[PDB]
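In what follows, a structure is listed as structure tokens, so that the remarks can point back to it.
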Amino acid sequence: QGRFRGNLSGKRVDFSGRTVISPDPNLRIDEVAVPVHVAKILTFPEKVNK
Amino acid sequence: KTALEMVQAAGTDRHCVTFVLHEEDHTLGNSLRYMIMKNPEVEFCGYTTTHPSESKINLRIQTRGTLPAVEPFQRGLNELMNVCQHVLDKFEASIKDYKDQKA
Amino acid sequence: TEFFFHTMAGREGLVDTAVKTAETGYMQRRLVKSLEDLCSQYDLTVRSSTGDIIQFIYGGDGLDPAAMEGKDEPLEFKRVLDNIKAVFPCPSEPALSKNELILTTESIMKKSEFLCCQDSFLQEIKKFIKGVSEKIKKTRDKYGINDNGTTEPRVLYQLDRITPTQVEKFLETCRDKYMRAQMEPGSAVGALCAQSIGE
Amino acid sequence: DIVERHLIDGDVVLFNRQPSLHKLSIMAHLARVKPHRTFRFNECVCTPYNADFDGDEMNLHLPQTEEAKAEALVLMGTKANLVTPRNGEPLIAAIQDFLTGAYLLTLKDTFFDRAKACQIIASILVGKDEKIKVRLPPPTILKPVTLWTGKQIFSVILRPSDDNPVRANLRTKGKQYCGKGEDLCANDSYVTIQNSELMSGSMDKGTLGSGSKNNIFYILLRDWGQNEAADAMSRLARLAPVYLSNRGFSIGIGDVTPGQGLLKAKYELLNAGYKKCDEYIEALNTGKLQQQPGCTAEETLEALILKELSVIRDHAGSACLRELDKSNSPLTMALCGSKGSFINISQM
Amino acid sequence: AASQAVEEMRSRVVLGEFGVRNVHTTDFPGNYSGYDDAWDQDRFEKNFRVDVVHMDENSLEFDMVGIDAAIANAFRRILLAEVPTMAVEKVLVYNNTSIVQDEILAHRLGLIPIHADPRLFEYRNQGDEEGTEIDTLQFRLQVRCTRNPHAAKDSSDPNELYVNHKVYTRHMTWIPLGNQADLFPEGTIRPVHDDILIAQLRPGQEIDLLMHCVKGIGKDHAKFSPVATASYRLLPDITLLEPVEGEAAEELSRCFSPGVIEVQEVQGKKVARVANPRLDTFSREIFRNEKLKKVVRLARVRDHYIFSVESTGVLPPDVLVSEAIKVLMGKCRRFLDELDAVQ
Amino acid sequence: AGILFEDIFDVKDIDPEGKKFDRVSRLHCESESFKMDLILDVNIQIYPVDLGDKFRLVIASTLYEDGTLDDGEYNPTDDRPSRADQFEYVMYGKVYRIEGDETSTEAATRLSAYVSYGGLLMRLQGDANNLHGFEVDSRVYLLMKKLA
Amino acid sequence: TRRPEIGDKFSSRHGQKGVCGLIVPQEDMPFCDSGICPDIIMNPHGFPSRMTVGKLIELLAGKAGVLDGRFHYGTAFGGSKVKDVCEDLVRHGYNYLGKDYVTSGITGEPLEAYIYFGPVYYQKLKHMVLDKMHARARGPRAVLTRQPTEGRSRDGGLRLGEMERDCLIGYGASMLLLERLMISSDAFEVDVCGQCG
Amino acid sequence: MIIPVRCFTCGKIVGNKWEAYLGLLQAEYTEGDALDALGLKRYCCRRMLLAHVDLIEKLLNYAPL
Amino acid sequence: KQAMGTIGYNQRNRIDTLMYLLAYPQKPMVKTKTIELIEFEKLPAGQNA
RNA sequence: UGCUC
Ligand SMILES: Nc1nc2c(ncn2[C@@H]2O[C@H](COP(=O)(O)OP(=O)(O)OP(=O)(O)O)[C@@H](O)[C@H]2O)c(=O)[nH]1
Ligand SMILES: Nc1ncnc2c1ncn2[C@@H]1O[C@H](COP(=O)(O)OP(=O)(O)OP(=O)(O)O)C[C@H]1O
Ligand SMILES: [Mg+2]
Ligand SMILES: [Zn+2]
Ligand SMILES: [Zn+2]
């Protein structure tokens, strides 16, 4: 739990979640399903452009 | 907004068509599949479900010659309606004569 | 008694896995912390963070382990030749003999795009070409197939049928795969090695 | 201006399992919003994560930079990491309920009519596959009855449309290959595919699994790029379940019960083994027993008893495999290599 | 011969010892050479028929001959889910002191069927929790448990000590709205069974609540499912390859259902024959006897479906089948209208 | 006529390795006119066969006797005079391998054509003069008719 | 009051722990001749690798018990044998192996293989998706080290452990690693003197 | 806690047949014959009524009252 | 040890930091003699489906 | 400490 191993090498971050997984073969291999509840919390900053 | 048509590609080919139907399930999909499969002018007929969460189905129809693949759809719908009317009348007559002979 | 012995074996396996988890975790931590400095440069020389060279060329040849089609080999010449024959069958071109095959191979390999390729891969290509040519010669000698192309039963040409178009396609595909299978500069090869040795 | 938009479809998202052994334990996928409360993904990607859907909690991270997003999508793309850097073997391939399904589908006994074949083919026409022609292959047997074999239906996955340039070619041996048929094995275990058309053999873990090279998806990846392999895997994952459910595959107590001949053979083998063990015990205790080289007499007796018990085990297993009839769910799942093996069957 | 095999494949479904064969419908044009399986309304109307074999309160059994598996499954699924009925949806609670949880109580009340006719009501629009006279029904339930003023000294049984300690569904009182009292005569709107045990109370506890019920289909929630068990099975047709007589006839009678195989003494010796293959359930017990395996051939008729519909008592089953067919016709008409509007 | 091969065969064995498949069987057959051996997978459920059966088998390039090789797509619903009308068991396959005989180390004149009718394997082995016209990646029609 | 949904963990009293993958309607569930639809459909592929014949024996015994109205005993090294339950099954008119003729609910056609039906005692576990579901916005940070907290009850964020850093290094995504471990976690702007350092 | 109104598998009304079933237990009827007389042919309802435990009275014994 | 079910007859008056109860708990059909010894059938923690 | 994986 030191600074090198606990706060420099590996540290906690925001904009992340943890959830249980369930099978769904109807999605592509490169696609993952996200629930609406978590989707409303994790936000992405998009820059207003033309 | 319930049943919408889609061509096979940007070329707008009427041979292969896709009907996306909303608020439906395997019942009407399979019924119409069976009723239209007997059309000799249909090469390929197949219904599928996009995802069990959403209530929608996708039917795909490819004919033999130059059929728009829309007329077979209406043909199958009308044949299914006629079969439903006939079976309803037959069941009503059966129930009526059963009640008559029971008493 | 049998159930008790089976439970003993199960608990033995469980404790074995429990110890293995921590042991391999520590081993992986050490290996990664030690090998996280190496990287593949643009001059095909693997160097450390301080600039010292660990290898003049990765693996002695410089091929990507992730793009290794064969068993520690870049390509499987037999499978590639079969795929080329199947994907591009030319029915309007006659078959090639041993001498003609060797001649077209020597003429195509001496091009400019093949000069930058490694010599070992070219030697392996020559060996495979010689082998398939000897096989074709043995087949034609067994069935008396004439190289002039006037044998009455044409089906005999279907035993080992090869056309210059297929030869060129095979050579180009092999060259492209060998060029795209090399180590891409900038890849953290040390971390990949550590992970592949730890897992 | 900056707008903190919600997570919508198309956003690159990191998905990881906390216990990480190799780099493939974390991959950048494309997020799709769904009304449920769990993270769902194609099961073909379970082997990299080493997940089993038994309550495992996985982490999902959202990058906050366009450069990080692009790097995650390119380097950590699922389609770009279908193979491990350890030995190049493909990890993202078919899994249980997909190997068995493809096996039962490509069996020589499968013969589908026009309706069932068309249904199984349409079962995959979703998503990007909605803008392509079906290309119904010609039937094999047509004069007595128009029947489409299951191998053609499986090949349709490789080349669904006409404009698709995928031309898959493969020639390898299966798990139950005899070793002398050379594409004429009595069990039909020699996989031969030409121009994305299954000519011979039945699919199994050796061809659709993540075991080693010679995988059809591996050949597609190395010959026609990553997109073709991804599309083929999606089509397989969308087709095999539908057919497996329409056909029905179950296991019962009757699928593991022993036969009369099996019980007789087991009894005879146990008697013989116990007699030989008693003879060895009597020879060691009273008299001189042949001592094997490099070990003592007690270790020699131990080795001989272990050998006799292993003989009994293997003979009982062979008898159970020979007496078992085809269509047995355990035997089928052991043949196709989806799950289990002959040793587990013999033990149970 | 080959023709016999083709006929058996296209007409019969054989059940093997390890698996069933000929399970897929193949009677379609282009699948058979010597058969013109093109759609013909005349032949369908000629061959089709319906025969009711048993019909009592909340139970119906009828054989349909000529229909296919697709339409049979469609009717079954429509009856199971797509038939609308009335069920308790909203529950307003007023000082519920019962030990049973409020949510569990509301869930139990939601599963209680209502004898109201759904055709006389309409679906509630999105929202509108207040409800209107056309698309809602109100059921008041007020039960106050108290000690019995007159009881024995011991009175160990709860029946003698307490009164109204078991809140049966018969305590539900339908409260008319607007002009529902005039349209519906007294006694029509009531619980179906009138004997469902909702909860059990003790002196001091009281359950006072109101239930608003609206129209809904079974697909949204299982509480709207009118049919308790609506299923169909292919009509069995057992055939004997070779005449079986002797004690083997009694073995046959013991293998299949007791009411399908009958033994008769035509010449003083017992010989078995199929009497009524309807009662047979295909237990597949004949495969146990080694000698009697190659003497029988179990099969199912592809174009003969016995439908059994046991309902919950909301309405008779014949009207349920009629409404299912009407819902299917309505779906077909809606799709035809949509297609016409498109073109 | 697009008949690439035609001969009368007699079956000598049904299942040398046992009853592996319920619907398909590996029939071994020998010809009378020539020494042409045939190892063919056949569907016995729809077209039953016996050990002593003798049948005429024809491998053709096209199914129409008029010589029209227009086989872009097959429509089972279309009714027209075709070769299949003169036979009972018609299959559609592709000649996917042509292999020379390896038993004869020298002076070999026997070949073998392996065709895959939707997985059903057919090895026709014999003199090369009889296999004239067989080419790899060529789709053909097999027509079998049992004789008295 | 919570209803089972996708993600809830269920057990079957045999260590065959599983998670609800999909909730299909009743009309989609297969039905037998009697019209009984299964409540839980489990994967058979779990039996061979795990050899849980005890589950099959329990299912058969429970089926026989519910048919004859009895409670069979699964006592260790004893209990009701398979022959007794098979006799009970064949006496009531059901198959002596549990496998019964079942028709597909989707296509309406019979299945080629019989399905193994029977009553099994499933027990729900405390592990719910609702309690395990977590998502962390910017949220609070710790006083000592300005990073997200640890626990979910404390509104903590996930941890990119040393192994995650190793994986990101192996991938070579330098900008992604920088954004994760520097920008989005403990970014700060300090003032450094170029003279004394 | 209390007998459910509907059966989990099929959905037949079974809550109204609980007390009556208890009556059959107060009589000389066994479990099998009692379940048969109640009209439960399929085994799902038999399991529902037989595997059910009556815990409502045990909780009411602890109720405030 | 983590199975969900009833705790006892006083589970309603009991107030703990976290409790899980089952709506319609049912006793198993295949019950071991140990279940009868520990009286677990009186407080089942599952349902037969 | 208990766990989950
Ligand atoms: N209930 C509980 N017990 C704990 C916890 N941490 C430690 N223990 C108990 O205390 C013993 C070990 O103490 P440590 O975990 O070393 O305590 P610590 O980390 O030095 O204490 P802090 O530095 O204040 O966190 C174990 O035997 C545990 O049973 C905790 O978070 N909760
Ligand atoms: N201490 C741990 N460290 C890392 N991973 C763990 C640990 N405990 C559990 N896991 C996760 O759970 C998985 C272990 O499952 P595994 O051991 O393969 O099956 P199992 O638990 O033996 O199940 P069976 O007993 O075979 O049914 C793999 C790993 O990602
Ligand atoms: Mg797990
Ligand atoms: Zn300074
Ligand atoms: Zn029930």
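Letters A, B, ... go to the chains of the structure tokens in the order shown; residues in each chain start at 1; ligands are counted from 1 in the same order.
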Could you list, as a compact mmCIF listing (two decimals) with C-alpha atoms, in the first residue's frame, every residue of chain E that has an atom within 9 Å of an atom of chain G, counting only C-alpha atoms?
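Okay, this is what ended up in out-v8.txt:
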```txt
# COMPACT_ATOMS: atom_id res chain seq x y z
CA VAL E 13 -43.14 -38.24 -37.43
CA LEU E 15 -39.93 -41.47 -32.63
CA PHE E 18 -32.45 -42.41 -29.20
CA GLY E 19 -33.98 -39.55 -31.19
CA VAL E 20 -37.00 -38.37 -33.15
CA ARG E 21 -36.85 -38.20 -36.95
CA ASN E 22 -38.89 -36.45 -39.65
CA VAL E 23 -39.70 -33.52 -37.35
CA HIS E 24 -39.51 -30.72 -39.95
CA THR E 25 -42.43 -29.64 -42.12
CA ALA E 69 -47.55 -26.91 -36.94
CA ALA E 70 -46.86 -23.23 -37.64
CA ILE E 71 -50.48 -22.09 -37.32
CA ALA E 72 -51.03 -24.43 -34.37
CA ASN E 73 -48.11 -22.88 -32.49
CA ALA E 74 -49.33 -19.42 -33.50
CA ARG E 76 -51.16 -21.58 -28.86
CA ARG E 77 -48.89 -18.57 -28.30
CA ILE E 78 -51.72 -16.12 -29.01
CA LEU E 80 -51.04 -17.90 -23.94
CA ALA E 81 -49.99 -14.24 -24.24
CA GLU E 103 -45.56 -5.47 -1.99
CA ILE E 104 -46.14 -9.21 -1.56
CA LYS E 219 -47.26 -10.72 -22.97
CA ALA E 222 -48.37 -13.33 -16.69
CA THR E 229 -52.60 -24.52 -19.68
CA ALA E 230 -53.21 -24.15 -23.43
CA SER E 231 -51.18 -26.72 -25.37
CA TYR E 232 -51.41 -29.08 -28.33
CA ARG E 233 -49.98 -32.50 -29.16
CA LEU E 234 -49.75 -34.56 -32.33
CA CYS E 255 -45.91 -51.35 -22.01
CA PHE E 256 -48.20 -48.71 -23.56
CA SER E 257 -51.01 -46.91 -21.75
CA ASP E 280 -51.34 -43.08 -25.21
CA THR E 281 -48.71 -40.63 -23.98
CA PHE E 282 -45.66 -42.24 -25.66
CA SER E 283 -43.77 -43.22 -22.53
CA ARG E 284 -41.40 -45.18 -24.81
CA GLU E 285 -41.42 -48.14 -22.42
CA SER E 308 -56.17 -28.99 -24.75
```
Using only C-alpha atoms (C1' of nucleotides) and all ligand atoms, what are the residues with an atom within 6 Å of ligand 3, set out as a ChimeraX atom specification? /D:51-54,56 /J:5
Only N, CA, C and O atoms (P, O5', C5', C4', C3', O3' and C1' of nucleotides), please: the residues just picked out, written as a PDB file, in the first residue's frame.
```pdb
ATOM      1  N   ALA D  51     -13.313 -15.837 -18.435  1.00  0.00           N
ATOM      2  CA  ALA D  51     -14.537 -15.706 -17.663  1.00  0.00           C
ATOM      3  C   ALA D  51     -15.414 -16.945 -17.833  1.00  0.00           C
ATOM      4  O   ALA D  51     -15.256 -17.725 -18.774  1.00  0.00           O
ATOM      5  N   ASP D  52     -16.349 -17.115 -16.894  1.00  0.00           N
ATOM      6  CA  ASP D  52     -17.259 -18.255 -16.928  1.00  0.00           C
ATOM      7  C   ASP D  52     -18.696 -17.877 -16.587  1.00  0.00           C
ATOM      8  O   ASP D  52     -19.547 -18.772 -16.490  1.00  0.00           O
ATOM      9  N   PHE D  53     -19.000 -16.590 -16.413  1.00  0.00           N
ATOM     10  CA  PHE D  53     -20.367 -16.135 -16.159  1.00  0.00           C
ATOM     11  C   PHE D  53     -20.957 -16.818 -14.927  1.00  0.00           C
ATOM     12  O   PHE D  53     -22.106 -17.265 -14.934  1.00  0.00           O
ATOM     13  N   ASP D  54     -20.164 -16.905 -13.863  1.00  0.00           N
ATOM     14  CA  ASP D  54     -20.579 -17.501 -12.597  1.00  0.00           C
ATOM     15  C   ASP D  54     -20.518 -16.485 -11.460  1.00  0.00           C
ATOM     16  O   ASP D  54     -20.197 -16.822 -10.320  1.00  0.00           O
ATOM     17  N   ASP D  56     -18.765 -13.375 -11.890  1.00  0.00           N
ATOM     18  CA  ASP D  56     -17.552 -12.577 -11.978  1.00  0.00           C
ATOM     19  C   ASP D  56     -17.884 -11.124 -12.286  1.00  0.00           C
ATOM     20  O   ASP D  56     -18.701 -10.827 -13.163  1.00  0.00           O
TER      21      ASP D  56
ATOM     22  P     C J   5     -17.792 -16.927  -6.369  1.00  0.00           P
ATOM     23  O5'   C J   5     -17.380 -16.539  -7.848  1.00  0.00           O
ATOM     24  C5'   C J   5     -17.545 -15.281  -8.448  1.00  0.00           C
ATOM     25  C4'   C J   5     -16.289 -14.904  -9.155  1.00  0.00           C
ATOM     26  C3'   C J   5     -15.398 -16.033  -9.488  1.00  0.00           C
ATOM     27  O3'   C J   5     -16.042 -16.623 -10.581  1.00  0.00           O
ATOM     28  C1'   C J   5     -14.178 -14.195  -8.657  1.00  0.00           C
TER      29        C J   5
END
```
Which residues are close to residue 136 (chain F), i.e. within 10 Å by only C-alpha atoms (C1' of nucleotides), leaving aside same-chain residues fewer than 5 positions away? Reply as a list in words. residues 86, 89, 91, 155, 158 and 159 of chain C; 94, 95, 96, 97, 98, 113, 114 and 115 of chain F
Using only C-alpha atoms (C1' of nucleotides) and all ligand atoms, what are the residues with an atom within 12 Å of ligand 5, set out as a VMD selection string? (chain E and resid 228 to 229 310 312) or (chain G and resid 34 to 39 66 119) or (chain H and resid 4 to 15 17 35 39 to 50) or (chain I and resid 48 to 49)
Got time to write the residues from that selection, N, CA, C and O atoms, as a compact mmCIF listing (two decimals), in the first residue's frame?
```
# COMPACT_ATOMS: atom_id res chain seq x y z
N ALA E 228 -54.85 -21.27 -18.21
CA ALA E 228 -53.89 -21.84 -17.28
C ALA E 228 -52.92 -22.76 -18.00
O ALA E 228 -51.70 -22.71 -17.76
N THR E 229 -53.43 -23.62 -18.88
CA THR E 229 -52.60 -24.52 -19.68
C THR E 229 -53.27 -24.70 -21.04
O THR E 229 -54.27 -25.41 -21.16
N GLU E 310 -57.11 -25.57 -20.72
CA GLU E 310 -57.70 -25.43 -19.40
C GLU E 310 -57.50 -23.99 -18.94
O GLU E 310 -56.36 -23.54 -18.79
N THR E 312 -58.49 -20.37 -16.53
CA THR E 312 -58.57 -19.97 -15.13
C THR E 312 -59.98 -19.60 -14.70
O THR E 312 -60.20 -19.32 -13.51
N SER G 34 -48.09 -32.62 -21.92
CA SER G 34 -49.00 -32.17 -20.88
C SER G 34 -49.14 -30.65 -20.84
O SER G 34 -50.07 -30.14 -20.21
N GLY G 35 -48.23 -29.92 -21.48
CA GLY G 35 -48.28 -28.48 -21.50
C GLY G 35 -47.44 -27.79 -20.45
O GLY G 35 -47.66 -26.59 -20.20
N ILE G 36 -46.50 -28.48 -19.82
CA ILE G 36 -45.66 -27.91 -18.78
C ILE G 36 -44.46 -27.24 -19.43
O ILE G 36 -43.76 -27.86 -20.24
N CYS G 37 -44.22 -25.97 -19.08
CA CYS G 37 -43.07 -25.24 -19.58
C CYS G 37 -42.01 -25.12 -18.49
O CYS G 37 -42.35 -24.88 -17.32
N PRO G 38 -40.73 -25.27 -18.83
CA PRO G 38 -39.69 -25.21 -17.79
C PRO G 38 -39.47 -23.80 -17.29
O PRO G 38 -39.53 -22.82 -18.04
N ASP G 39 -39.20 -23.69 -15.99
CA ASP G 39 -38.91 -22.40 -15.39
C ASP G 39 -37.45 -22.02 -15.58
O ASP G 39 -37.14 -20.84 -15.80
N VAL G 66 -42.72 -36.26 -6.93
CA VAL G 66 -43.85 -35.41 -7.25
C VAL G 66 -44.91 -36.16 -8.04
O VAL G 66 -46.08 -35.77 -8.02
N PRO G 119 -38.14 -31.74 -11.58
CA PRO G 119 -38.06 -30.72 -10.53
C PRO G 119 -36.71 -30.75 -9.83
O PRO G 119 -36.28 -31.79 -9.32
N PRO H 4 -48.56 -19.67 -2.48
CA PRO H 4 -48.74 -18.76 -3.62
C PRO H 4 -50.06 -19.01 -4.33
O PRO H 4 -50.59 -20.13 -4.34
N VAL H 5 -50.59 -17.95 -4.94
CA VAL H 5 -51.88 -18.05 -5.63
C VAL H 5 -51.72 -18.84 -6.92
O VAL H 5 -52.50 -19.75 -7.22
N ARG H 6 -50.71 -18.50 -7.72
CA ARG H 6 -50.48 -19.11 -9.02
C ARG H 6 -49.29 -20.06 -8.96
O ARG H 6 -48.37 -19.89 -8.16
N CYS H 7 -49.33 -21.07 -9.83
CA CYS H 7 -48.20 -21.98 -9.97
C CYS H 7 -47.11 -21.34 -10.82
O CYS H 7 -47.40 -20.60 -11.76
N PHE H 8 -45.86 -21.63 -10.49
CA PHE H 8 -44.74 -20.99 -11.18
C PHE H 8 -44.66 -21.44 -12.64
O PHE H 8 -44.47 -20.61 -13.54
N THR H 9 -44.81 -22.74 -12.90
CA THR H 9 -44.61 -23.26 -14.25
C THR H 9 -45.81 -22.98 -15.14
O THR H 9 -45.70 -22.28 -16.15
N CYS H 10 -46.98 -23.51 -14.78
CA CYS H 10 -48.16 -23.38 -15.63
C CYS H 10 -48.93 -22.10 -15.32
O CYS H 10 -49.15 -21.27 -16.21
N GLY H 11 -49.36 -21.94 -14.07
CA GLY H 11 -50.17 -20.82 -13.67
C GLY H 11 -51.57 -21.16 -13.21
O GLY H 11 -52.41 -20.26 -13.13
N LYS H 12 -51.85 -22.42 -12.90
CA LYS H 12 -53.16 -22.80 -12.41
C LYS H 12 -53.39 -22.24 -11.01
O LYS H 12 -52.46 -22.19 -10.19
N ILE H 13 -54.62 -21.82 -10.74
CA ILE H 13 -54.99 -21.31 -9.43
C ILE H 13 -54.85 -22.43 -8.41
O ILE H 13 -55.60 -23.41 -8.45
N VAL H 14 -53.90 -22.28 -7.49
CA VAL H 14 -53.63 -23.30 -6.48
C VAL H 14 -53.78 -22.78 -5.06
O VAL H 14 -53.79 -23.59 -4.12
N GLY H 15 -53.88 -21.47 -4.86
CA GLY H 15 -54.01 -20.94 -3.51
C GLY H 15 -55.32 -21.31 -2.85
O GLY H 15 -55.36 -21.50 -1.63
N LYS H 17 -56.86 -24.08 -3.13
CA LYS H 17 -56.86 -25.51 -2.82
C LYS H 17 -55.90 -25.86 -1.70
O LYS H 17 -55.56 -27.04 -1.52
N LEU H 35 -53.79 -35.23 -3.57
CA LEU H 35 -53.47 -34.39 -4.72
C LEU H 35 -54.23 -34.83 -5.96
O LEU H 35 -54.59 -33.99 -6.79
N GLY H 39 -57.65 -32.57 -8.27
CA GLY H 39 -57.65 -32.29 -9.69
C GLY H 39 -56.31 -31.89 -10.26
O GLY H 39 -56.29 -31.29 -11.35
N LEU H 40 -55.21 -32.19 -9.59
CA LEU H 40 -53.87 -31.82 -10.06
C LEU H 40 -53.29 -33.01 -10.82
O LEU H 40 -52.73 -33.93 -10.23
N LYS H 41 -53.44 -32.98 -12.14
CA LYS H 41 -52.89 -34.06 -12.97
C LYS H 41 -51.40 -33.87 -13.21
O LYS H 41 -50.59 -34.75 -12.87
N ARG H 42 -51.01 -32.73 -13.78
CA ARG H 42 -49.60 -32.43 -13.98
C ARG H 42 -48.88 -32.33 -12.64
O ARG H 42 -49.46 -31.95 -11.62
N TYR H 43 -47.60 -32.69 -12.65
CA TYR H 43 -46.82 -32.78 -11.42
C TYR H 43 -46.37 -31.43 -10.89
O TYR H 43 -45.90 -31.36 -9.75
N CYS H 44 -46.50 -30.35 -11.67
CA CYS H 44 -46.07 -29.05 -11.19
C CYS H 44 -46.92 -28.59 -10.01
O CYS H 44 -46.39 -28.15 -8.99
N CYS H 45 -48.24 -28.71 -10.13
CA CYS H 45 -49.12 -28.34 -9.02
C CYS H 45 -48.95 -29.29 -7.84
O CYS H 45 -49.05 -28.86 -6.68
N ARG H 46 -48.71 -30.57 -8.11
CA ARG H 46 -48.44 -31.51 -7.03
C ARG H 46 -47.20 -31.09 -6.24
O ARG H 46 -47.22 -31.10 -5.00
N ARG H 47 -46.14 -30.71 -6.94
CA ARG H 47 -44.94 -30.21 -6.26
C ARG H 47 -45.23 -28.92 -5.52
O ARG H 47 -44.74 -28.71 -4.40
N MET H 48 -46.03 -28.03 -6.12
CA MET H 48 -46.34 -26.75 -5.49
C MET H 48 -47.04 -26.97 -4.15
O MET H 48 -46.66 -26.36 -3.14
N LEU H 49 -48.06 -27.82 -4.12
CA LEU H 49 -48.81 -28.04 -2.89
C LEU H 49 -48.05 -28.92 -1.90
O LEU H 49 -48.20 -28.74 -0.69
N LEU H 50 -47.25 -29.87 -2.39
CA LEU H 50 -46.58 -30.80 -1.49
C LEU H 50 -45.30 -30.19 -0.91
O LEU H 50 -45.02 -30.37 0.28
N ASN I 48 -38.32 -25.44 -5.48
CA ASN I 48 -38.23 -26.52 -6.46
C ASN I 48 -38.88 -26.05 -7.76
O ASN I 48 -40.08 -25.76 -7.79
N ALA I 49 -38.08 -25.98 -8.83
CA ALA I 49 -38.54 -25.51 -10.12
C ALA I 49 -38.40 -26.62 -11.16
O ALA I 49 -37.49 -27.45 -11.09
```
Applying 12 Å and only C-alpha atoms (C1' of nucleotides), which residues near residue 136 (chain G) remain after dropping the ones on its own chain fewer than 4 positions away? List them as a PyMOL selection string. (chain A and resi 12-19+37-43) or (chain D and resi 59-62) or (chain G and resi 140-141+148-159)
